[PDB]
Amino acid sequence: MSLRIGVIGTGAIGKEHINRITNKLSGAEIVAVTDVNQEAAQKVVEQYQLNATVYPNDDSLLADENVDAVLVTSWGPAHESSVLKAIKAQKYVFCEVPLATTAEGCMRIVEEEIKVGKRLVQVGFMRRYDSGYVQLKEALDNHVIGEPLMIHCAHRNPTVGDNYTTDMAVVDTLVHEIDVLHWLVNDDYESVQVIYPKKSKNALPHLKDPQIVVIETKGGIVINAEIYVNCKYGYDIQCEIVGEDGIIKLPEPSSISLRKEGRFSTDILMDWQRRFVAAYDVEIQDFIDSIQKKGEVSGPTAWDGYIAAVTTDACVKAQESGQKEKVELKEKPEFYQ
């Protein structure tokens, strides 16, 4: 008896989730899609031979009682709207980042879920299902390196478009680190501070690139985090955690080594999409399985999406100030531990 899923937002990553659920995972199907370009969410239904109803809007989709779960995977701001609706409609919502564009918007969503008595919100912070990050998590839980003291990490991308702006670096990009990092160390962030190095020749004039970002936590962990999205050479994610008695570090994507013309190479990816393909799969599948065999969602909480929003805000605030901004977090509700 499979899980009936409605996708709100048949975009490019909305299309990747539809294709994975259709042709790759187990125990779910797409029965309902709405888009704001109604013709596109009608191109998608034909393209993946779906048996789905095309709604003009989220409301008429959440209306349908066929659907017990929605993928929210449209624009960055048109999320908070759709999520809040689906919480009251008593459906299961998987929400792609961001949870909502504003810190309070996340808070309004937390409050709703608290009422509704059980977890229906999973935030699409896929890094927690990547095997690399799980091994890291594993070791830290086992105290392998003892108490964590520093973290060094990088999020690098070959080039970006004309539509890519100085804040997107802390909003669209550094956001995943922001999630995965505190997940790992089990601490709350206590201050951000941006620092701009020399501007890159590959960066457009309207964009500040690269940029370091330093983050203290309550415990005393210090994290410097490089974001450079015009690095030209590849898409590359790096994370090294120094602890009291040792160091653990994230792996490279598996590659065949080559020996040719003087050099001993491995391979570096160019397409951000390709880097996490398998964590997407594991992540959705866990949404499904966690529902059919538990009656609630499992992954990153709606609260975790709030911490992202607060800290993303702290960042963009230090981006234009050059100062050491703060991260104030409202008390963690009992509903969450």
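For every residue, the number given is its place in the sequence shown, counted from 1.
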On mean Cα temperature factor in this entry, is 102-110 or 150-158 the higher one? 102-110
Look over 113-121 and 225-233 in the entry and identify the one with the greater average Cα temperature factor. 113-121
Residue, from 70, 28, 268, 54, that the PDB entry assigns the highest Cα B-factor: 54
Once the chain's modelled residues are ordered by C-alpha B factor and cut into thirds, is residue 32 in the lowest, middle or highest one? middle
Going by the CA temperature factor in the PDB record, which third of the chain does residue 96 belong to: lowest, middle or highest? middle
Using only modelled residues of the chain, where does the Cα B factor of residue 307 rank: lowest third, middle third or highest third? middle
Based on the entry's values, in what third of the chain does the Cα temperature factor of residue 273 lie: lowest, middle or highest? middle
Record-listed C-alpha B factor of residue 139: chain third: lowest
